[PDB]
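Pasted below: final06.txt, compact mmCIF, C-alpha atoms.
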# COMPACT_ATOMS: atom_id res chain seq x y z
CA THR A 1 -2.36 32.19 -4.29
CA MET A 2 0.54 34.61 -3.58
CA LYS A 3 3.26 32.42 -2.02
CA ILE A 4 3.75 28.73 -2.78
CA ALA A 5 5.70 26.08 -0.88
CA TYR A 6 7.33 23.18 -2.74
CA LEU A 7 9.71 20.35 -1.96
CA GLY A 8 13.18 21.81 -2.43
CA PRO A 9 15.81 22.36 -3.47
CA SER A 10 15.52 24.79 -6.37
CA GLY A 11 15.44 22.98 -9.72
CA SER A 12 13.75 19.90 -8.26
CA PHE A 13 10.99 17.94 -9.99
CA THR A 14 8.57 19.41 -7.45
CA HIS A 15 9.94 22.87 -8.24
CA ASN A 16 9.22 22.26 -11.91
CA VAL A 17 5.68 21.18 -11.02
CA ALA A 18 4.96 24.23 -8.86
CA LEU A 19 6.07 26.57 -11.67
CA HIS A 20 3.35 25.27 -13.98
CA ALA A 21 0.55 25.44 -11.43
CA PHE A 22 1.48 28.93 -10.26
CA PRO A 23 3.56 30.75 -12.89
CA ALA A 24 2.89 34.26 -11.51
CA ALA A 25 3.63 33.38 -7.89
CA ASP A 26 6.41 33.52 -5.30
CA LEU A 27 7.67 29.97 -4.87
CA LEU A 28 9.40 29.08 -1.61
CA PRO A 29 11.33 25.85 -1.14
CA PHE A 30 11.24 23.68 1.98
CA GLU A 31 13.51 20.79 2.93
CA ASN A 32 11.04 17.92 3.21
CA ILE A 33 7.39 17.08 2.58
CA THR A 34 6.38 17.57 6.21
CA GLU A 35 7.84 21.09 6.31
CA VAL A 36 6.26 21.95 2.95
CA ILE A 37 2.83 21.07 4.35
CA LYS A 38 3.57 22.71 7.73
CA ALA A 39 4.42 25.92 5.82
CA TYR A 40 0.80 26.07 4.68
CA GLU A 41 -0.47 25.23 8.15
CA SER A 42 1.56 28.15 9.52
CA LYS A 43 0.06 30.49 6.89
CA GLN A 44 3.47 31.28 5.37
CA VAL A 45 2.21 30.02 2.04
CA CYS A 46 -0.94 29.73 0.09
CA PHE A 47 -0.67 26.30 -1.50
CA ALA A 48 1.85 23.51 -1.07
CA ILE A 49 3.16 21.16 -3.77
CA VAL A 50 4.38 17.67 -2.89
CA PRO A 51 5.06 14.36 -4.68
CA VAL A 52 2.46 11.77 -3.68
CA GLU A 53 2.98 8.70 -5.89
CA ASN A 54 5.54 7.24 -8.29
CA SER A 55 4.88 4.64 -10.99
CA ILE A 56 7.70 2.41 -9.69
CA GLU A 57 8.12 3.07 -5.94
CA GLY A 58 4.42 3.69 -5.25
CA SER A 59 2.78 6.03 -2.74
CA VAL A 60 4.92 8.45 -0.75
CA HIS A 61 4.39 7.36 2.86
CA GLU A 62 5.39 10.72 4.37
CA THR A 63 2.77 12.60 2.33
CA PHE A 64 -0.19 10.37 3.17
CA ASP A 65 0.68 9.81 6.86
CA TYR A 66 0.94 13.56 7.46
CA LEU A 67 -2.20 14.38 5.43
CA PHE A 68 -4.28 11.78 7.28
CA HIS A 69 -3.04 12.11 10.88
CA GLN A 70 -2.20 15.77 11.20
CA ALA A 71 -3.26 18.05 8.38
CA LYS A 72 -6.64 19.68 7.74
CA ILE A 73 -5.79 20.54 4.15
CA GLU A 74 -6.92 19.06 0.81
CA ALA A 75 -5.49 18.15 -2.56
CA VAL A 76 -7.04 20.70 -4.95
CA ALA A 77 -5.14 19.80 -8.12
CA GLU A 78 -2.96 16.95 -9.39
CA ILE A 79 -0.08 17.28 -11.88
CA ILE A 80 1.59 14.22 -13.39
CA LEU A 81 5.27 14.53 -14.33
CA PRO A 82 7.38 12.32 -16.60
CA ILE A 83 10.71 11.37 -15.00
CA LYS A 84 13.71 10.31 -17.08
CA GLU A 85 11.14 6.81 -12.01
CA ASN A 86 8.98 7.25 -15.16
CA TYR A 87 5.86 8.98 -13.79
CA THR A 88 5.03 10.76 -10.55
CA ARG A 89 1.80 12.26 -9.27
CA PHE A 90 2.12 15.61 -7.48
CA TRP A 91 -0.61 17.26 -5.47
CA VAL A 92 -1.33 20.92 -5.03
CA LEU A 93 -2.54 21.27 -1.46
CA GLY A 94 -4.67 24.15 -0.29
CA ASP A 95 -8.13 25.48 0.42
CA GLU A 96 -9.32 26.50 -3.04
CA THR A 97 -9.31 25.07 -6.56
CA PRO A 98 -6.72 26.98 -8.54
CA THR A 99 -7.18 27.81 -12.21
CA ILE A 100 -4.90 25.56 -14.24
CA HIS A 101 -5.02 25.33 -18.03
CA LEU A 102 -2.80 22.31 -18.53
CA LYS A 103 -4.20 19.33 -20.38
CA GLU A 104 -6.94 17.88 -18.17
CA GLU A 105 -6.86 14.11 -18.18
CA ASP A 106 -9.14 13.08 -15.29
CA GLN A 107 -11.29 13.92 -12.27
CA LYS A 108 -10.70 12.11 -8.99
CA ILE A 109 -11.50 12.05 -5.29
CA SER A 110 -9.13 10.59 -2.71
CA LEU A 111 -10.35 9.25 0.60
CA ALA A 112 -8.76 7.95 3.75
CA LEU A 113 -11.05 5.28 5.25
CA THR A 114 -11.00 3.62 8.64
CA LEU A 115 -13.21 0.60 9.21
CA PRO A 116 -15.45 -0.37 12.17
CA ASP A 117 -13.31 -2.12 14.80
CA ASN A 118 -10.52 -1.19 12.36
CA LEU A 119 -11.15 -4.58 10.73
CA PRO A 120 -9.87 -4.99 7.13
CA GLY A 121 -12.58 -7.63 6.70
CA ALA A 122 -15.20 -4.93 6.06
CA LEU A 123 -13.26 -3.35 3.20
CA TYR A 124 -15.50 -5.11 0.69
CA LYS A 125 -18.50 -3.21 2.12
CA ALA A 126 -16.72 0.07 1.54
CA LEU A 127 -15.73 -0.83 -2.02
CA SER A 128 -19.15 -2.30 -2.91
CA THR A 129 -20.69 1.06 -2.01
CA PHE A 130 -18.85 2.66 -4.94
CA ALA A 131 -18.85 -0.46 -7.09
CA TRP A 132 -22.62 -0.96 -7.33
CA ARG A 133 -22.93 2.68 -8.43
CA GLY A 134 -20.29 2.08 -11.10
CA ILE A 135 -17.81 4.54 -9.58
CA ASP A 136 -14.41 3.06 -10.51
CA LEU A 137 -11.69 2.53 -7.92
CA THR A 138 -8.40 3.64 -9.45
CA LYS A 139 -6.11 3.17 -6.45
CA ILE A 140 -6.00 1.58 -3.02
CA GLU A 141 -3.16 1.70 -0.54
CA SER A 142 -3.05 0.79 3.12
CA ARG A 143 -1.04 2.63 5.75
CA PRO A 144 -0.42 1.74 9.41
CA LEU A 145 -2.95 3.32 11.77
CA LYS A 146 -0.04 3.58 14.21
CA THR A 147 -2.08 1.75 16.85
CA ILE A 148 -1.35 -1.97 16.60
CA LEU A 149 -0.25 -4.44 13.91
CA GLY A 150 -3.29 -5.30 11.81
CA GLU A 151 -4.94 -1.89 12.06
CA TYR A 152 -4.74 0.40 9.08
CA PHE A 153 -6.27 3.30 7.26
CA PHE A 154 -6.84 3.00 3.53
CA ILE A 155 -6.04 5.47 0.78
CA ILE A 156 -8.59 5.11 -1.97
CA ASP A 157 -8.96 7.04 -5.24
CA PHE A 158 -12.18 7.05 -7.25
CA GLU A 159 -13.18 8.73 -10.46
CA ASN A 160 -15.06 11.91 -9.59
CA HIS A 161 -16.82 12.57 -12.91
CA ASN A 162 -20.23 12.24 -11.27
CA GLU A 163 -19.92 14.25 -8.08
CA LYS A 164 -23.54 13.87 -7.01
CA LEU A 165 -23.41 10.06 -7.25
CA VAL A 166 -20.15 10.10 -5.29
CA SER A 167 -21.94 12.19 -2.63
CA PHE A 168 -24.55 9.47 -2.13
CA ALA A 169 -21.75 6.88 -2.02
CA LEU A 170 -20.20 8.83 0.88
CA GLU A 171 -23.59 9.07 2.61
CA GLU A 172 -23.92 5.27 2.38
CA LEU A 173 -20.45 4.82 3.93
CA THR A 174 -21.64 6.93 6.88
CA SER A 175 -24.87 4.91 7.14
CA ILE A 176 -22.73 1.74 7.28
CA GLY A 177 -20.55 3.21 10.04
CA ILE A 178 -17.45 3.53 7.86
CA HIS A 179 -15.53 6.72 8.58
CA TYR A 180 -13.70 8.65 5.90
CA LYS A 181 -11.51 11.70 5.52
CA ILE A 182 -11.67 13.49 2.17
CA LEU A 183 -8.05 14.04 1.18
CA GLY A 184 -9.03 15.88 -1.99
CA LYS A 185 -11.34 16.54 -4.92
CA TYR A 186 -9.22 17.55 -7.88
CA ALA A 187 -8.61 17.63 -11.61
CA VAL A 188 -5.68 15.65 -13.01
CA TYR A 189 -3.26 17.39 -15.38
CA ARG A 190 -0.36 15.67 -17.14
CA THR B 1 23.42 -27.96 11.11
CA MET B 2 20.78 -26.18 9.05
CA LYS B 3 21.94 -23.05 7.29
CA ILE B 4 19.51 -20.16 7.42
CA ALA B 5 19.79 -16.74 5.77
CA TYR B 6 18.72 -13.57 7.58
CA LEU B 7 18.91 -9.82 6.98
CA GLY B 8 22.24 -8.61 8.35
CA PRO B 9 24.29 -7.41 10.02
CA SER B 10 24.87 -9.60 13.08
CA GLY B 11 22.87 -8.18 15.97
CA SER B 12 20.14 -6.89 13.67
CA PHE B 13 16.49 -7.27 14.61
CA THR B 14 16.09 -10.01 12.00
CA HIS B 15 19.09 -11.84 13.45
CA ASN B 16 17.40 -11.71 16.83
CA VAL B 17 14.20 -13.05 15.24
CA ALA B 18 16.09 -15.90 13.62
CA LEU B 19 18.06 -16.49 16.81
CA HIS B 20 14.87 -17.16 18.77
CA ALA B 21 13.03 -19.00 16.00
CA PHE B 22 15.96 -21.26 15.13
CA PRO B 23 18.36 -21.90 18.02
CA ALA B 24 19.89 -25.05 16.48
CA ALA B 25 20.77 -23.43 13.16
CA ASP B 26 23.71 -21.88 11.34
CA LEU B 27 22.62 -18.32 10.63
CA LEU B 28 24.23 -16.50 7.73
CA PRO B 29 23.75 -12.74 7.29
CA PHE B 30 23.22 -10.99 3.97
CA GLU B 31 23.40 -7.30 3.19
CA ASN B 32 19.88 -6.69 1.97
CA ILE B 33 16.52 -8.43 1.59
CA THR B 34 17.07 -9.21 -2.08
CA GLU B 35 20.38 -10.95 -1.25
CA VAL B 36 18.80 -12.91 1.62
CA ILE B 37 16.22 -14.39 -0.78
CA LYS B 38 18.82 -15.06 -3.49
CA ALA B 39 20.84 -16.95 -0.88
CA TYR B 40 17.92 -19.37 -0.71
CA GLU B 41 17.26 -19.35 -4.46
CA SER B 42 20.91 -20.26 -5.06
CA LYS B 43 20.68 -23.10 -2.49
CA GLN B 44 23.31 -21.66 -0.16
CA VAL B 45 20.81 -21.96 2.69
CA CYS B 46 17.69 -24.00 3.47
CA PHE B 47 15.58 -21.09 4.68
CA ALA B 48 15.61 -17.32 4.53
CA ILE B 49 14.14 -14.86 7.02
CA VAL B 50 13.06 -11.47 5.80
CA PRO B 51 10.94 -8.63 7.20
CA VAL B 52 7.56 -8.18 5.49
CA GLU B 53 5.78 -5.49 7.53
CA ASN B 54 6.88 -2.57 9.67
CA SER B 55 5.04 -0.76 12.47
CA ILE B 56 5.78 2.60 10.88
CA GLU B 57 6.69 2.19 7.22
CA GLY B 58 4.11 -0.52 6.56
CA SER B 59 4.60 -3.41 4.15
CA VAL B 60 8.21 -3.83 3.02
CA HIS B 61 8.32 -2.92 -0.67
CA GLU B 62 11.56 -4.75 -1.48
CA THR B 63 10.32 -8.05 -0.06
CA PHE B 64 6.97 -8.09 -1.85
CA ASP B 65 8.31 -6.72 -5.15
CA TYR B 66 11.03 -9.34 -5.36
CA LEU B 67 8.72 -12.18 -4.31
CA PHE B 68 6.08 -11.12 -6.86
CA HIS B 69 8.17 -9.98 -9.85
CA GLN B 70 11.20 -12.26 -9.61
CA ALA B 71 11.01 -15.26 -7.25
CA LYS B 72 8.97 -18.44 -7.47
CA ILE B 73 8.98 -19.34 -3.77
CA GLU B 74 6.56 -19.33 -0.85
CA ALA B 75 6.59 -18.24 2.77
CA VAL B 76 6.19 -21.34 4.93
CA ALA B 77 6.04 -19.47 8.22
CA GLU B 78 5.26 -16.03 9.62
CA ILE B 79 6.73 -14.59 12.81
CA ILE B 80 5.22 -11.64 14.71
CA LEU B 81 7.73 -9.72 16.78
CA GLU B 82 13.94 -3.27 6.21
CA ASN B 83 11.32 -3.70 8.96
CA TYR B 84 10.25 -4.28 12.56
CA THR B 85 7.12 -6.44 13.19
CA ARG B 86 6.15 -9.18 10.66
CA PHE B 87 8.74 -11.62 9.30
CA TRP B 88 8.45 -14.37 6.68
CA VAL B 89 10.41 -17.61 6.63
CA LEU B 90 10.97 -18.64 3.04
CA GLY B 91 11.59 -22.26 2.11
CA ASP B 92 10.04 -25.39 0.72
CA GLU B 93 8.42 -26.86 3.82
CA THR B 94 7.61 -25.52 7.28
CA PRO B 95 10.64 -25.91 9.58
CA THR B 96 10.57 -26.43 13.32
CA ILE B 97 10.15 -23.01 14.89
CA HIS B 98 10.68 -22.63 18.60
CA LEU B 99 7.90 -20.13 19.05
CA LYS B 100 4.18 -20.32 19.93
CA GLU B 101 2.00 -21.33 16.95
CA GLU B 102 -0.86 -18.84 16.67
CA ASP B 103 -2.67 -19.10 13.32
CA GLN B 104 -2.90 -20.53 9.79
CA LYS B 105 -2.93 -18.08 6.93
CA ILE B 106 -2.40 -17.68 3.24
CA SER B 107 -1.08 -14.68 1.34
CA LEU B 108 -2.05 -14.08 -2.28
CA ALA B 109 -0.83 -11.64 -4.88
CA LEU B 110 -3.69 -10.83 -7.24
CA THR B 111 -3.76 -9.32 -10.69
CA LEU B 112 -7.05 -7.98 -12.06
CA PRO B 113 -8.53 -7.87 -15.57
CA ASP B 114 -6.80 -5.30 -17.80
CA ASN B 115 -4.83 -4.53 -14.59
CA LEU B 116 -7.24 -1.78 -13.38
CA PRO B 117 -7.94 -1.72 -9.59
CA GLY B 118 -11.67 -1.27 -10.35
CA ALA B 119 -12.45 -5.01 -10.07
CA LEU B 120 -10.93 -5.40 -6.57
CA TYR B 121 -14.39 -5.41 -4.97
CA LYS B 122 -15.00 -8.67 -6.90
CA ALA B 123 -11.96 -10.38 -5.37
CA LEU B 124 -12.98 -9.23 -1.89
CA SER B 125 -16.64 -10.21 -2.41
CA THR B 126 -15.46 -13.72 -3.38
CA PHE B 127 -14.01 -14.22 0.10
CA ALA B 128 -16.64 -12.16 1.96
CA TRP B 129 -19.69 -14.18 0.93
CA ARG B 130 -17.95 -17.36 2.20
CA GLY B 131 -17.10 -15.71 5.52
CA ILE B 132 -13.35 -15.85 4.85
CA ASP B 133 -11.88 -12.94 6.79
CA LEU B 134 -9.23 -10.79 5.11
CA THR B 135 -6.57 -9.52 7.53
CA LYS B 136 -4.61 -7.31 5.14
CA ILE B 137 -4.97 -5.61 1.76
CA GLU B 138 -1.97 -3.88 0.18
CA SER B 139 -1.06 -2.81 -3.33
CA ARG B 140 2.25 -2.37 -5.16
CA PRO B 141 2.91 -0.88 -8.61
CA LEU B 142 2.95 -3.46 -11.41
CA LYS B 143 5.98 -1.53 -12.75
CA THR B 144 4.24 -1.20 -16.11
CA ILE B 145 2.43 2.12 -16.16
CA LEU B 146 1.06 4.50 -13.54
CA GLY B 147 -2.31 3.22 -12.31
CA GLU B 148 -1.49 -0.46 -12.73
CA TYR B 149 -0.89 -2.55 -9.61
CA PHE B 150 -0.82 -6.00 -8.11
CA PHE B 151 -2.73 -6.60 -4.86
CA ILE B 152 -1.56 -8.50 -1.76
CA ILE B 153 -4.27 -10.05 0.39
CA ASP B 154 -3.77 -12.14 3.52
CA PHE B 155 -6.57 -14.27 4.84
CA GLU B 156 -7.36 -16.87 7.45
CA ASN B 157 -6.75 -20.43 6.24
CA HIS B 158 -9.08 -21.98 8.79
CA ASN B 159 -11.10 -23.81 6.11
CA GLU B 160 -8.84 -25.05 3.29
CA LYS B 161 -11.57 -26.45 1.05
CA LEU B 162 -13.60 -23.25 1.28
CA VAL B 163 -10.40 -21.40 0.27
CA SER B 164 -10.09 -23.71 -2.73
CA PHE B 165 -13.55 -22.76 -4.03
CA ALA B 166 -12.74 -19.07 -3.52
CA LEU B 167 -9.72 -19.52 -5.82
CA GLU B 168 -11.92 -21.29 -8.38
CA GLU B 169 -14.31 -18.33 -8.21
CA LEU B 170 -11.45 -15.82 -8.65
CA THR B 171 -10.45 -17.79 -11.75
CA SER B 172 -14.00 -17.80 -13.17
CA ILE B 173 -14.03 -13.98 -12.78
CA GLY B 174 -10.72 -13.71 -14.63
CA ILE B 175 -8.76 -12.72 -11.51
CA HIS B 176 -5.33 -14.35 -11.41
CA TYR B 177 -3.29 -15.14 -8.30
CA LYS B 178 0.20 -15.96 -7.14
CA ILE B 179 0.42 -17.78 -3.81
CA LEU B 180 3.02 -15.86 -1.80
CA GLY B 181 2.62 -18.30 1.09
CA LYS B 182 0.64 -20.88 3.02
CA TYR B 183 1.93 -20.66 6.55
CA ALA B 184 1.44 -20.92 10.27
CA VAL B 185 1.83 -17.73 12.31
CA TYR B 186 4.21 -17.77 15.29
CA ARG B 187 4.48 -15.31 18.15
CA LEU B 188 7.80 -14.42 19.74
Would you mind writing the file's structure down as structure tokens?
Amino acid sequence: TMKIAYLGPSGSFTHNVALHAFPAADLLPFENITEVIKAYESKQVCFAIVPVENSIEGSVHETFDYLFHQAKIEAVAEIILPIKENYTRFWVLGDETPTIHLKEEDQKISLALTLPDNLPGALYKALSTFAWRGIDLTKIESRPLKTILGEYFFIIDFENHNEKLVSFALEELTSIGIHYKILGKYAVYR
Amino acid sequence: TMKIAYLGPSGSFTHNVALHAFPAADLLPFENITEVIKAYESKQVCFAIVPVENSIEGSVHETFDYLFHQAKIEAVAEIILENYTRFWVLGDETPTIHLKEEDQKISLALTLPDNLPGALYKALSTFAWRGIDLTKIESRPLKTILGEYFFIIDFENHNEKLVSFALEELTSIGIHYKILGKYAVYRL
């Protein structure tokens, strides 16, 4: 919690976001999302703040590809910013849940799933696991696995209001042979 | 003397795709994907060739957004080789393509009830119980509010009457669809 990396330059939307999450902290700018996250990995900073999704353009490829393939870091808070495109989701990445007293709007968990034989055909099994328990899917996005055409990993968000039910959901995924990476468990602030 | 639009400039990857797919044709370049499709919409050309999926970036946002939000046209062929690996041929019927035919597929853009992604499992279950294999699932913002999307699914079109019942079932659930294409898949 001392030093915080954000997507530069100074006065950026991401800068504005990092100020609210960490008002007492030393905020250091980095030139691109990859370097922001690498800054944490190198232990220069304590948390990193990056844009992850926009209401018009969609998910930020750079953020999710790096977080899945390379990083061993989690989203620990989400802040939604109005833009005058309209709304963007920003994640606070780190190792602990920071204390943030902004208006809480939601609880979520984000997963990166890969399927057996990397077949998209078994996606329904993964979604049914959460569906039958009434855990609502709020987002799904596919990204290239960077192996061959037709192999992907999936970014899925679910409501995380009932964390113990979610835990069983994840256990069932495992029992089915579906592999997942937890990208984050976090509160959503607007 | 068929005129065909492709994503420019001359010597682009898409040119090269079109060059191999359509050796007898007059190939006209356009500056961006949106303009390529408009070339067809405006009847300047008989077909347009645009990238739909990239090995690194993934699905091409521009292509799918325009086709969903703005155009009322279908892909009539897919070629496996702004993007690098999957290309759609847009037009009104399937043209002669001088590549190896590999597959029959259909791509659908789905919207869900109250536009929340939560009912996606229903759309997928509809195809799953019939043994219709999905080969891709992508989403794009609906451009309404954050958390609202439309969903692109590609599936095998091996059994067309089974597909027809699936669509009926989608309908009965209140899931709506736009057919982005019914097409054969060709390999360069």
Chain A near chain B within 10 Å: what's each residue's closest atom pair and its distance in Å to one decimal, counting all atoms listed in the file, ordered by chain then ascending residue number, as JSON lines?
{"residue": "A:53", "atom": "CA", "partner": "B:146", "partner_atom": "CA", "distance": 8.9}
{"residue": "A:54", "atom": "CA", "partner": "B:146", "partner_atom": "CA", "distance": 7.4}
{"residue": "A:55", "atom": "CA", "partner": "B:146", "partner_atom": "CA", "distance": 4.6}
{"residue": "A:56", "atom": "CA", "partner": "B:143", "partner_atom": "CA", "distance": 5.3}
{"residue": "A:57", "atom": "CA", "partner": "B:141", "partner_atom": "CA", "distance": 7.1}
{"residue": "A:58", "atom": "CA", "partner": "B:141", "partner_atom": "CA", "distance": 5.9}
{"residue": "A:59", "atom": "CA", "partner": "B:140", "partner_atom": "CA", "distance": 8.8}
{"residue": "A:61", "atom": "CA", "partner": "B:57", "partner_atom": "CA", "distance": 7.1}
{"residue": "A:62", "atom": "CA", "partner": "B:57", "partner_atom": "CA", "distance": 9.1}
{"residue": "A:65", "atom": "CA", "partner": "B:56", "partner_atom": "CA", "distance": 9.7}
{"residue": "A:80", "atom": "CA", "partner": "B:146", "partner_atom": "CA", "distance": 9.7}
{"residue": "A:85", "atom": "CA", "partner": "B:143", "partner_atom": "CA", "distance": 9.8}
{"residue": "A:86", "atom": "CA", "partner": "B:145", "partner_atom": "CA", "distance": 8.4}
{"residue": "A:87", "atom": "CA", "partner": "B:146", "partner_atom": "CA", "distance": 6.6}
{"residue": "A:88", "atom": "CA", "partner": "B:146", "partner_atom": "CA", "distance": 8.0}
{"residue": "A:89", "atom": "CA", "partner": "B:146", "partner_atom": "CA", "distance": 8.9}
{"residue": "A:119", "atom": "CA", "partner": "B:135", "partner_atom": "CA", "distance": 7.5}
{"residue": "A:120", "atom": "CA", "partner": "B:135", "partner_atom": "CA", "distance": 5.6}
{"residue": "A:121", "atom": "CA", "partner": "B:134", "partner_atom": "CA", "distance": 4.9}
{"residue": "A:122", "atom": "CA", "partner": "B:134", "partner_atom": "CA", "distance": 8.4}
{"residue": "A:123", "atom": "CA", "partner": "B:124", "partner_atom": "CA", "distance": 7.8}
{"residue": "A:124", "atom": "CA", "partner": "B:124", "partner_atom": "CA", "distance": 5.5}
{"residue": "A:125", "atom": "CA", "partner": "B:121", "partner_atom": "CA", "distance": 8.5}
{"residue": "A:126", "atom": "CA", "partner": "B:121", "partner_atom": "CA", "distance": 8.8}
{"residue": "A:127", "atom": "CA", "partner": "B:121", "partner_atom": "CA", "distance": 5.6}
{"residue": "A:128", "atom": "CA", "partner": "B:121", "partner_atom": "CA", "distance": 6.0}
{"residue": "A:129", "atom": "CA", "partner": "B:121", "partner_atom": "CA", "distance": 9.5}
{"residue": "A:130", "atom": "CA", "partner": "B:121", "partner_atom": "CA", "distance": 9.2}
{"residue": "A:131", "atom": "CA", "partner": "B:121", "partner_atom": "CA", "distance": 7.0}
{"residue": "A:132", "atom": "CA", "partner": "B:121", "partner_atom": "CA", "distance": 9.6}
{"residue": "A:134", "atom": "CA", "partner": "B:118", "partner_atom": "CA", "distance": 9.3}
{"residue": "A:135", "atom": "CA", "partner": "B:118", "partner_atom": "CA", "distance": 8.5}
{"residue": "A:136", "atom": "CA", "partner": "B:118", "partner_atom": "CA", "distance": 5.1}
{"residue": "A:137", "atom": "CA", "partner": "B:118", "partner_atom": "CA", "distance": 4.5}
{"residue": "A:138", "atom": "CA", "partner": "B:117", "partner_atom": "CA", "distance": 5.4}
{"residue": "A:139", "atom": "CA", "partner": "B:117", "partner_atom": "CA", "distance": 6.1}
{"residue": "A:140", "atom": "CA", "partner": "B:139", "partner_atom": "CA", "distance": 6.6}
{"residue": "A:141", "atom": "CA", "partner": "B:139", "partner_atom": "CA", "distance": 5.7}
{"residue": "A:142", "atom": "CA", "partner": "B:138", "partner_atom": "CA", "distance": 5.6}
{"residue": "A:143", "atom": "CA", "partner": "B:58", "partner_atom": "CA", "distance": 6.1}
{"residue": "A:144", "atom": "CA", "partner": "B:58", "partner_atom": "CA", "distance": 5.8}
{"residue": "A:145", "atom": "CA", "partner": "B:56", "partner_atom": "CA", "distance": 8.8}
{"residue": "A:146", "atom": "CA", "partner": "B:56", "partner_atom": "CA", "distance": 6.8}
{"residue": "A:147", "atom": "CA", "partner": "B:55", "partner_atom": "CA", "distance": 8.7}
{"residue": "A:148", "atom": "CA", "partner": "B:55", "partner_atom": "CA", "distance": 7.7}
{"residue": "A:149", "atom": "CA", "partner": "B:55", "partner_atom": "CA", "distance": 6.6}
{"residue": "A:150", "atom": "CA", "partner": "B:135", "partner_atom": "CA", "distance": 6.8}
{"residue": "A:151", "atom": "CA", "partner": "B:136", "partner_atom": "CA", "distance": 8.8}
{"residue": "A:152", "atom": "CA", "partner": "B:136", "partner_atom": "CA", "distance": 8.7}
{"residue": "A:154", "atom": "CA", "partner": "B:137", "partner_atom": "CA", "distance": 9.0}
{"residue": "A:157", "atom": "CA", "partner": "B:117", "partner_atom": "CA", "distance": 9.8}
{"residue": "A:158", "atom": "CA", "partner": "B:118", "partner_atom": "CA", "distance": 8.9}
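With atom CA of residue B:154 on one side and atom CA of residue B:105 on the other, the separation reads 6.9 Å.
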- Go through B:50, B:180, B:167, B:17 and flag the residue nearest residue B:130, using all atoms listed in the file for the distances. B:167
- Item | Point-to-point distance in Å for atom CA of residue A:189 and atom CA of residue A:113 |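 Pair atom CA of residue A:113 / atom CA of residue A:189 returns 25.2 Å.
From atom CA of residue A:181 back to atom CA of residue A:39, the distance works out to 21.4 Å.
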- Task: Name the residues in contact with stretch 17-33 of chain A at a cut-off of 10 Å, using all atoms listed in the file, excluding same-chain residues fewer than 2 positions from it; report them as JSON, numbers by chain.
- Result: {"A": [1, 2, 3, 4, 5, 6, 7, 8, 9, 10, 11, 12, 13, 14, 15, 35, 36, 37, 38, 39, 44, 45, 46, 47, 48, 49, 50, 51, 52, 60, 62, 63, 66, 77, 78, 79, 80, 81, 89, 90, 91, 92, 98, 99, 100, 101, 102, 189]}
- Message: Can you pull out the residues contacting residue B:160? Cut-off 10 Å, using all atoms listed in the file, and skip same-chain residues under 3 positions away; I want them as a VMD selection string.
- Response: chain B and resid 104 to 106 156 to 157 163 to 166
- Message: Which residue is closest to residue A:95? Choose from A:82, A:116, A:184, A:177 and count only C-alpha atoms.
- Response: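 Looking only at the distances to residue A:95, the closest residue turns out to be A:184.
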Write out as lines of an AutoDock Vina configuration file an axis-aligned box for stretch 108-125 of chain A: all of its atoms listed in the file, 3 Å added on each side, centre and edge lengths in Å with one decimal.
center_x = -13.6
center_y = 2.2
center_z = 2.9
size_x = 15.7
size_y = 25.7
size_z = 29.8
- Item | Test item: residues at most 9 Å from residue B:26, all atoms listed in the file, excluding those fewer than 3 positions along its chain, as a ChimeraX atom specification | /B:1-5,22-23
- Mind listing whatever residues come within 9 Å of the point (4.0, -14.3, 18.2)? Use only C-alpha atoms, file coordinates, and give them as a ChimeraX atom specification. /B:78-81,99-102,185-188
- Message: When you look at stretch 66-71 of chain B with a cut-off of 12 Å (counting all atoms listed in the file), what residues show up, excluding the ones that are within fewer than 3 positions of it in the same chain? I need them as number ranges by chain.
- Response: B: 32-42, 50, 52, 60-63, 74-75, 88, 90-91, 107-111, 139-144, 149-152, 177-181
- Task: Would you mind telling me which residue in A:104, A:41, A:96, A:163 lies nearest to residue A:72 when using all atoms listed in the file?
- Result: A:41
